[PDB]
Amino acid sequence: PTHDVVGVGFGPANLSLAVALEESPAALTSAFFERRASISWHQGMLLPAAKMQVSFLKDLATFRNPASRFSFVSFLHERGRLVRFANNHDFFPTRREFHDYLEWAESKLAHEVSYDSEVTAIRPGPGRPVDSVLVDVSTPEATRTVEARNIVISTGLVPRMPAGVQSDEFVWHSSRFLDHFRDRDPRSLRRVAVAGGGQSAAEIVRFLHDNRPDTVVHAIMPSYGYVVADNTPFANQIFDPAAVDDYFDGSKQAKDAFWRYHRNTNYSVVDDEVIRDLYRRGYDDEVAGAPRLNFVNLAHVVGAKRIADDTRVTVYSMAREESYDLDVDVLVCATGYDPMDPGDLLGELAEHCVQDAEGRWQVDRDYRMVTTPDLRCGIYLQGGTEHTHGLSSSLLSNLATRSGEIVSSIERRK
């Protein structure tokens, strides 16, 4: 049995794809595979006060269909919270609530996702021309293979550690913060270093300050202070559906300009309110004569070693041009992520995929990889399109339209 489309991974991107498929009048068969036991949307960073970075209007479907049964508003309504929510006058739900929104949408779906199912490889199906791919799925029981005309790869961002630093028992990447943190002894983390100057770093430092009154925190970052995230209406336009076209059709020079001027809409920056809350906390501690937040500015973490009961963090100071050591209990690296890269999954097929001069994957406007003529199957990317489609690639800004264009593309070809 050969499916019209198979989705690899089940985060928000393929969820919105599933929703788009259901709402389309086109009769398309599909299967989705998620390695984890259920939807798990950055649970390691589901901190108490964490808030979405996208407006509730930017949900699974609303921008494409303003009367979707899968809209965030529909979800508030069935939960009996729409009125309460509207009273609050906040365009930004909590991460906690949005996570519930995802699970609610998944349940509503007619079709069933296959959990505990890791896709291990994608191989060319039989014959010429190649009209199908073979998808190798590993369950905890048994391995198997499914066949599909089209495949949609949406496996998410990949944690990135500082060069020369490896994750270990007392060294964590931010993505795994709560998983480690909930599993400690509550008074065996009196000294924590957090590396990074982005949203993750800021939220973790905030949480630590708010959690235990006696934790001392070292916030280590290359800038002189947190840099504000730009979420003013015009800059935010780069996430408009039409701005995808502008980036896509634009020259390399124009693409560079988007990054030069507007990377501060998302990368290595912190939300205004979180910055102000941290600043207020620092100020009040100073007034109380009990400083706890140590901001190590203009600096990078360059190494970590466990020495007896201490995690020894090597810090490079850009001001002094020298390195030194800080001793803590745990090092949290909030040092960001690498883009989704379909390559590692593609091993058979990658040689049917065209690269550009700088060796990156060519991708069509409709998120479809560029292939050899012998490949006729569709390979679509949700994620990993930073270089072709722009800053919206890893974000929640454009779920409805992106998923819709992919579904239309697939239909247009069947």
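Note that the rigid core is defined as the largest set of C-alphas that superpose within 1.5 Å between two forms. In case it trips you up, residue 1 is the first one in the sequence shown, and so on.
Per-stretch RMS Cα distance to the displayed form in 5 other deposited structures of this protein, following rigid core alignment, is highest for 265-273 when 265-273 and 314-322 are compared.
Superposing on the core and measuring CA offsets in 5 other deposited structures of this protein, the stretch of 28-36 and 345-353 with the greater mean deviation is 345-353. Taking the PDB entry as given, 183-191 carries the higher mean Cα B factor of the two stretches 152-160 and 183-191. When the two stretches 173-181 and 278-286 are set side by side, the higher mean Cα temperature factor goes to 173-181. Taking only the listed residues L60, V54, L375, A31, the entry reports the highest CA temperature factor at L375. The PDB entry assigns the greatest CA B-factor among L346, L46, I379, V363 to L346.
Among the modelled residues of its chain, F98 has a C-alpha B-factor that falls in the lowest third according to the deposited record. Split the chain's modelled residues into thirds by C-alpha temperature factor. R123 is in the highest one. Sort the modelled residues of the chain by CA B factor and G359 lands in the highest third. For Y224, the recorded CA temperature factor ranks within the middle third of the chain's modelled residues. In this PDB entry, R260 carries a Cα temperature factor that places it within the lowest third of its chain's modelled residues.
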